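J.: Let's see this in three dimensions:
(10 chains)
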Amino acid sequence: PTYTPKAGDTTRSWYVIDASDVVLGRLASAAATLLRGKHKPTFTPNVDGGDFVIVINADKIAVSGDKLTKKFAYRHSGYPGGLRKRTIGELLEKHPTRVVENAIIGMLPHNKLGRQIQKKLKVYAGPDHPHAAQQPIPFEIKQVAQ
Amino acid sequence: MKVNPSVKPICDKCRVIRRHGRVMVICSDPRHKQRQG
Amino acid sequence: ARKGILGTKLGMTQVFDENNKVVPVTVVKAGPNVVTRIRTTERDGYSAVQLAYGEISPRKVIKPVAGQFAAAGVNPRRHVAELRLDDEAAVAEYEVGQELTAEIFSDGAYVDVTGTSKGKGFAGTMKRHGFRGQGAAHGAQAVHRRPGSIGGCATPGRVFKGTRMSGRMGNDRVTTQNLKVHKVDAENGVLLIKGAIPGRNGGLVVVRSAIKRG
Amino acid sequence: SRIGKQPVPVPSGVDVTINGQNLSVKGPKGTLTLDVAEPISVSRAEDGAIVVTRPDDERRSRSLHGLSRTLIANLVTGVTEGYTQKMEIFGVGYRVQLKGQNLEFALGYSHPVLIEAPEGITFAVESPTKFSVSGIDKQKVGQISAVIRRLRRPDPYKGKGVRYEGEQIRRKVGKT
Amino acid sequence: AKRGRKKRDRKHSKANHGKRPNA
Amino acid sequence: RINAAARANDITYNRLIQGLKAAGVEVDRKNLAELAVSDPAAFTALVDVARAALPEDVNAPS
RNA sequence: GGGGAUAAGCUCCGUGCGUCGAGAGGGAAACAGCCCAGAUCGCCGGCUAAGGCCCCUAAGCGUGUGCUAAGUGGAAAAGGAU
RNA sequence: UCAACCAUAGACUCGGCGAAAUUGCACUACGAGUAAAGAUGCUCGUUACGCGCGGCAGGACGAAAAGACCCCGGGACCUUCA
RNA sequence: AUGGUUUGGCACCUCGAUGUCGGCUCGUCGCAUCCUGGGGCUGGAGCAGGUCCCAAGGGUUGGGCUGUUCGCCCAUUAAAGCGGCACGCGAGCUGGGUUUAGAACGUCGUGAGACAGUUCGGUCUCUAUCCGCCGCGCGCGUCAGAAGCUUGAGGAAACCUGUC
RNA sequence: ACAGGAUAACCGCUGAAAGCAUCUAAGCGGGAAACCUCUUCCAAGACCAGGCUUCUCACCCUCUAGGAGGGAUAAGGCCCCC
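T.: Residues are numbered from 1 along each chain as shown, chains lettered A, B, ... in the order given. And now the structure:
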């Protein structure tokens, strides 16, 4: 029958993506792919068999057009008139990692397994990360050809 | 300034331009100033 | 700078100024406070000074607290509290073991007093939110103090969060701003502060320099 | 395009320097800098000049070509000759004086208007009703001179306000 | 009005082929 | 799973299926996935087979 | 085609026109009447339709030539518009 | 205006006895939508640790009463140059 | 052309019940801004305006008449905004009106009786299960157990204005 | 509140495309009770569940000693008590 992982088959690898001059959605799609495990042949949609994904230089993410000023990240407090919006530039200068996070989190499944997958995502605005002990492999975002 | 969808010249000095995504009309005579809106 | 101090509220009284105008003051036992820890950005991520106030027996102290006060290098106190500052240049003035008194302030200074409001218990919307009640006559069946409506109808279909309802009032941190100290009294170790102060008598307060008016 | 084709003649007292699109000029009046738009070719000619061209004919390149040429022209003529704007004042009581390097106007307000001189700019007062701004950047010069021009609301009924040297303001009449 | 407009313009989709129930 | 293993062998699922159908490999996707999990070398061999059987310009009408 | 304001998710007719009704399944975000297709049961086999192939989401961040700068796409008129 | 305070009976707490209407279910969120055109239950998202206590009454088109208004059908009683 | 607040058209949910006007209380939202704020043009001298644009942060009175909404009026005001939310809100209140049964006037009707005609009078039920909301606890967790002091992501509140 | 930042309408500077002109297409500025900061308050159930410190930082038993289970404790806390 068709393969299912059993309790020790989920191997974790650490990848690291330099988000310098990389397109936001491009990076986020790639990272969600790795975090979910679509790049793996052991992929089982009921399993977080994905890989850890570090993102560095999140502040240097590339955003096309006027999205830096006319795309808003909205948020609601639950209270009336509690809609607070903040552009992507405002968000980049305040909380740089939040744009990359939000992008990936939206590209991920909105479920309990998605929540479990978020934990493998580490995002850092500089070029440096503390997860060097884990020996992360650099991951260039390629495009398979045809 | 006049703000109307139909902005057009009023005299020979009124020049038409596209400024910041808006069709403006400029002139020495500031009465003839117009903007699309 | 924003120099400050912890103290105890003792009660209100009167004084008279040079113009023979009356000043309702509150007497704050701005007492011997002792510095017990310096908060820094290289250690704690923010600049602040930890003060301690209130005599206490060394047996009523929880032993962790005893160890904290010891490693600081002072004897224990009852209440401990931090004063946030703006920069390392502002925190560089406070040394551990340093003693703060009312004399850090001066007559005519404007202060902000942080205290803990008196408890009004489970309060109705009238006492708590200034709701007009309803009529005491003209037919009112048992709504003389009731809030009345609570939301819209089906279109909302819910009660909005943050609606003003009955519940516990008081025991909340209250900062009263821009109170002019009428007088310092270092002999007694108190401040005569023009006007109301939050909390009961014997309540702890924090008299800080006014963040608006110097 | 038609502006960008003619290069800029460099006088003697000039020291041009390039690392690619970037540009740094020096002259008697001071020094100046400019990072040229990428699609605009820049070269230092043999004939003591700075040639600037465009590879493509797209409207963006056609615009940036002429603009960059004008920018280098203003740059060199500012760092060699300087850029001046003479202003003058009209109306009774409407005056200016020099409080060091800053200026102080009286313009019928209840208070004096203190214009702080920014970096690179130097003011001067030929008279309480006639003054001037000088510098090396035409942009900053026009900027501060316009900040000065807009200090008072336009007064087309009696002309009370700041003007440029040869400015022909509009006017009206209030009869009643 | 907006609701009817949106519901009608939904029919201008590659799947619906310019027709929908109640248009 | 096939797409994953294929893109690990530097080929897309679609061109893999195309090449297998051109090579006359009637293997079903179940067994291809099982190979991808259990015999990646055999999967690579089939990928090579499919890449051979593909044309030289896949975006040409032929 | 009538009535209606050549409005109504309106009404009344016609149509070896359809579907729902009495019709599951796939697509249309969800969505009786639209598109595909008419479910005898089973299969951890394959090809397809409509529709789709960056991630959610299976399949293409497909190839080539151009266009678009408005996030147009991802609502709209007379009319305005180097 | 403009409401404040006091007591008492309840409400609250403890002990004891111990109902009720109601009830298709249930580990019963919010927004914008969609839908028998006003959604806890569908879609896309957002938010939300689990369980209680006191309270408020916006919704559950809440409970109650097979709408009395309207219409249809049938009665009853009343009137009269039926 | 917008909008969908008016009168309407349709009659699609609801007639084995979706309680109605107005007010009271509580609000919340939009901006098509009444004031405050910023500005362009003016047949804008100045005071004061007119018109248009931006702006919804806050504020936007009390009374006489009327059931009234609306409106008129009185005094004020910086201003006395327009609208939505089941013409917001009756398991929150009233019940003056409409809209039962009584009675009367006028009119109609032979009559019984009728009148978007008037008039006087005339039961407003419910111990809150769920969501929601206001507050308060219990449990567990935050990779030992505890304690003190804290950061502040993220939310809430506040944001008015005149006279001299 | 002051103050700052970024902005709306708007005022502009330098400037082409388009030998001029043009607030703009590259660039640079100014600019409102709106926005973000600032003020007050809640807040690490902020599941990235944080940080700075301090205290205890130690015993037995049973299963066959695998992973646990039970007990007694410390720091400390709770209950009773005022």
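J.: So which residues of chain E form helices?
T.: Listed in chain order, the helices of chain E (DSSP state H) span E:2-9.
J.: Kindly report the residues of it close to RNA strand H.
T.: Counting by C-beta under 7 Å from any atom of the strand, the positions of chain E adjacent to RNA strand H are E:2-3, E:6-7, E:22. C-beta: built from backbone N, CA, C; applies to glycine.
J.: Going by distance to RNA strand I, which of those wins?
T.: When these are ranked by distance to RNA strand I (C-beta to the nearest atom of the strand), residue E:2 comes first, at 5.2 Å.
J.: any idea how far that closest one lies from chain F?
T.: Per C-beta to the nearest C-beta, to the nearest Å, residue E:2 is found 41 Å from chain F.
J.: returning to that earlier point: of the residues of chain E next to RNA strand H, which is the most crowded?
T.: residue E:7 (13 neighbours; other C-beta atoms under 10 Å in any protein chain shown).
J.: Can you give me every residue that contacts that one?
T.: Listed by C-beta atoms under 8 Å, 6 or more residues apart in numbering or on different chains, the contact set of residue E:7 reads E:20, E:22.
J.: neighbours of residue F:15, just the number please.
T.: Residue F:15 - counted by other C-beta under 10 Å - has 20 other residues nearby.
J.: How about it: what's its closest non-neighbour residue?
T.: Of all residues not flanking residue F:15 in the chain, residue A:146 sits nearest, at 4.9 Å (C-beta to C-beta, 6 or more residues apart in numbering or on different chains).
J.: Am I right that that neighbour sits in a strand?
T.: No. Counting by DSSP: H, G, I helix; E, B strand; the rest coil, residue A:146 is not found in a strand; it is coil.
J.: out of the residues of chain E next to RNA strand H, who's near RNA strand J?
T.: Within the residues of chain E next to RNA strand H, nothing lies near RNA strand J by C-beta under 7 Å from any atom of the strand.
J.: Any chance of JSON lines for those residues, columns distance to residue D:74?
T.: Putting the residues of chain E next to RNA strand H into JSON lines (distance: C-beta to C-beta, whole Å) gives the following:
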{"residue": "E:2", "distance to residue D:74": "53"}
{"residue": "E:3", "distance to residue D:74": "58"}
{"residue": "E:6", "distance to residue D:74": "54"}
{"residue": "E:7", "distance to residue D:74": "59"}
{"residue": "E:22", "distance to residue D:74": "66"}
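J.: For RNA strand H, what is the nearest residue in chain A?
T.: RNA strand H sits closest to residue A:110 of chain A, with a gap of 4.6 Å, by C-beta to the nearest atom of the strand.
J.: what about that residue, distance to RNA strand J?
T.: Taking C-beta to the nearest atom of the strand, to the nearest Å as the measure, residue A:110 falls 14 Å from RNA strand J.
J.: Could you pull out the helices in chain F for me?
T.: F:2-8, F:13-23, F:29-38, F:40-53.
J.: Would you tell me which of these gets closest to RNA strand H?
T.: helix F:2-8 (21.8 Å).
J.: so what secondary structure elements neighbour that closest one?
T.: When contacts are defined as 3 or more C-beta pairs under 8 Å, 6 or more residues apart in numbering or on different chains; DSSP states H and E, helix F:2-8 sits against helix F:13-23, helix F:29-38, helix F:40-53.
J.: what comes into contact with it?
T.: Residues outside helix F:2-8 that contact it (C-beta under 8 Å, 6+ apart) are A:38-41, A:43, A:144, F:12-13, F:16, F:29, F:32-33, F:36, F:40, F:43, F:47.
J.: unless I'm mixing things up, residue C:94 is touching residue C:49, no?
T.: Yes. Shown here, residue C:94 and residue C:49 form a contact pair, counting by C-beta atoms under 8 Å, at 4.4 Å.
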